[PDB]
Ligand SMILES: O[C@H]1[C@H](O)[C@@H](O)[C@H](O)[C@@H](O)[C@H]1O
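The data below hold one chain only, encoded as structure tokens and taken in the form solved without 1,2,3,4,5,6-hexahydroxy-cyclohexane.
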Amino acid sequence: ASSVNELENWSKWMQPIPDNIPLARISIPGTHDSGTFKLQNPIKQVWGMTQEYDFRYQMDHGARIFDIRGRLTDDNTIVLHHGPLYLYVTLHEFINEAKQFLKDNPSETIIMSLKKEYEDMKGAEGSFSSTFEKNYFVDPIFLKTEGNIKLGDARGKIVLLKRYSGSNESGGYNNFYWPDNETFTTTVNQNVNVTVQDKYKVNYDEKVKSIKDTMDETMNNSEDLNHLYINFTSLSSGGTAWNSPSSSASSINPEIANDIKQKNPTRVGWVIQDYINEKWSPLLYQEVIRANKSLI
């Protein structure tokens, strides 16, 4: 019926996990600034590229959480950005890829974090929130219930994680105070405690210690079913080939992945990383998925 090796199927790893487990309890791999994979200009890459492959590659590699950053256009649409850089990717584009993946692998669910990355273009009829809700969120693909969302209810749908203000529709995880460049704790959906490590602009050593500290707390609080842990291993670019997100990820990802591999924990949280690929081993996202062995 259900075996541990089932977690090895990167395209259906959530299948063996019971329907009653809250998404917050599952250890889920995610991608930081998910839509930056089409950047080609060397200068744009060194400063703003965080992924080498598209959404489907990311999903087929086990990623279930996507960090989508968008901008409202004068044509009532949302396109992806990284700062002032247009990424040649649209919100409709992401949703469509998620839909196809969910169709092929109905046992899974896609968690979509959405944040306003750049000021709306002048001439928009509505706001960032109103436009997203009216032209995108109305789609049945989006889960409309909240609370401590369970896997069973999320399968086959996209679970929204709001990082924008002004929301008016229900569904997914509500928006909450997200202080800049810090590790913090607060609540979400009234009955869910949330801890986030998002120090994106600290020195290398401080970042690694912060990742390990938050992961240590997660590994030791494995039965807390209503606590959500979001751990970003990504670091902002230094502008050179030695401190770009690519270089930072090449050293941080294997380091953290090795921690998990050696400890063999039962929970490591929602681990959001830069550059999901199969170059540097151990591979972080795979170890994160394997940490769900006790849920089976």
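All residue numbers refer to positions in the sequence shown, first residue = 1.
In what follows, reference is made to the form deposited with 1,2,3,4,5,6-hexahydroxy-cyclohexane bound, a form of this protein that is not presented.
* Contact at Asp33, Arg69 and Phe232 by 1,2,3,4,5,6-hexahydroxy-cyclohexane in the entry with it bound, all three, heavy atom at most 4.5 Å -> All of them do, each having a heavy atom within 4.5 Å of the partner.
* To do: Note which of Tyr204, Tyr86, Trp178, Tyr118 lies within 4.5 Å of 1,2,3,4,5,6-hexahydroxy-cyclohexane in the entry with it bound, where distance is taken over heavy atoms; exactly one does.
  => Looking at the other structure, the residue within range turns out to be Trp178.
* Report the residue, out of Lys209, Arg163, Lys99, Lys144, that has at least one non-hydrogen atom within 4.5 angstroms of 1,2,3,4,5,6-hexahydroxy-cyclohexane in the entry with it bound. => If I apply the 4.5 Å criterion carefully, the residue I get is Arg163.
* When 1,2,3,4,5,6-hexahydroxy-cyclohexane is placed as it is in the entry with it bound, which of 73-81, 211-219, 194-202, 149-157 ends up with heavy atoms within 4.5 Å of it? -> That would be stretch 194-202.
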